[PDB]
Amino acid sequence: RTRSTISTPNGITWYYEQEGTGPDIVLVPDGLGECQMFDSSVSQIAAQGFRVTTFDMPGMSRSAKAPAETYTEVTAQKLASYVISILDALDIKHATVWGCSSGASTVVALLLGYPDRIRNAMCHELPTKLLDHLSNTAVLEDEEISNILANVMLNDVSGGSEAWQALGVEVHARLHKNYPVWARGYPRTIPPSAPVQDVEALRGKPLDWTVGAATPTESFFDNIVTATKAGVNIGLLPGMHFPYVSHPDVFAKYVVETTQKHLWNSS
């Protein structure tokens, strides 16, 4: 496993990890931007004959050395441009991509905006609606935000409390710092940027969409409706918002099988 940093012309110094040889699979984090959440799955996926790349997102965790524009007023389209920049730096020309949450928005924007670069995209629980209770955290003090959102992550959306806690002190200390950054740059601007207003643009695209099996129906109801309207493959993963944490083996198998499906269809 390569663990290193790389700087892109847009001023971001990325922390990234890479393991394996074979077709490229890129795991884009959710809004918290923390790629250690992929640790177990990276090895399982790479072992099936893929080169797997992941990274902390700009302004978050180990990728914090970045211009303020990259973690304020954040949109799917901004994030997609940043991901393209690190793929360029790493000489990854053709990638399968995964993303959850703002990462889901990002990978659909990637697929639509850079079709020559993206073999297929897997999106999970893509936020399309403004949620005032999240947006309103942005005006609180840093420690108040971190306390509130740490609680929300563990109790409301982790999909597995034991697994979430078992990420450990080092990861959670990084998440603690990230929560105010996410709170002030994401909730207000990510949902209106969702690249799913044009249903016909999605039709026929190599997109595989999932929602958590245990997630309350109302949370990503709109995803299921939108995917079905566009004829896009839609299904479920165990857990809720973080299947790569709660169910890393099932997650890895899904990513491998889905990538294999598209490698067959490509030929």
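One rule holds for the numbers: they count along the sequence shown, beginning at 1.
A.B. asks: Mean CA temperature factor from the deposited coordinates, higher in 18-26 or in 251-259?
C.D. replies: Taking the mean C-alpha B-factor of 251-259 and of 18-26, the larger value falls to 18-26.
A.B. asks: Name the higher of the two by mean Cα B-factor in the PDB entry, 236-244 versus 61-69.
C.D. replies: Averaging CA B-factors over each stretch, the winner is 61-69.
A.B. asks: Name the residue from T228, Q36, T217, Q48 with the greatest C-alpha temperature factor listed in the entry.
C.D. replies: If I rank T228, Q36, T217, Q48 by C-alpha B-factor, first place goes to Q48.
A.B. asks: When the CA B-factors of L140, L154, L126, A95 are compared as recorded in the entry, which is the largest?
C.D. replies: If I rank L140, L154, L126, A95 by C-alpha B-factor, first place goes to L140.
A.B. asks: Split into thirds by Cα B-factor across the chain's modelled residues, where does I145 land: lowest, middle or highest?
C.D. replies: For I145, whose C-alpha B-factor we compare with every modelled residue in the chain, the answer is the middle third.
A.B. asks: Name the third of the chain's ranked CA B-factors that contains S85, choosing lowest, middle or highest.
C.D. replies: Highest third of the chain for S85's C-alpha B-factor.
A.B. asks: Among all modelled residues of this chain, ranked by Cα B factor, put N223 in the bottom, middle or top third, i.e. lowest, middle or highest.
C.D. replies: It belongs to the lowest third of the chain when residues are ordered by C-alpha B-factor.
A.B. asks: Among the chain's modelled residues, which third holds the C-alpha B-factor of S101?
C.D. replies: Its C-alpha B-factor, which the entry lists for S101, ranks in the lowest third among residues of this chain.
A.B. asks: Should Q44 be placed in the lowest, middle or highest third of its chain by the C-alpha B factor in the entry?
C.D. replies: Middle third by C-alpha B-factor.
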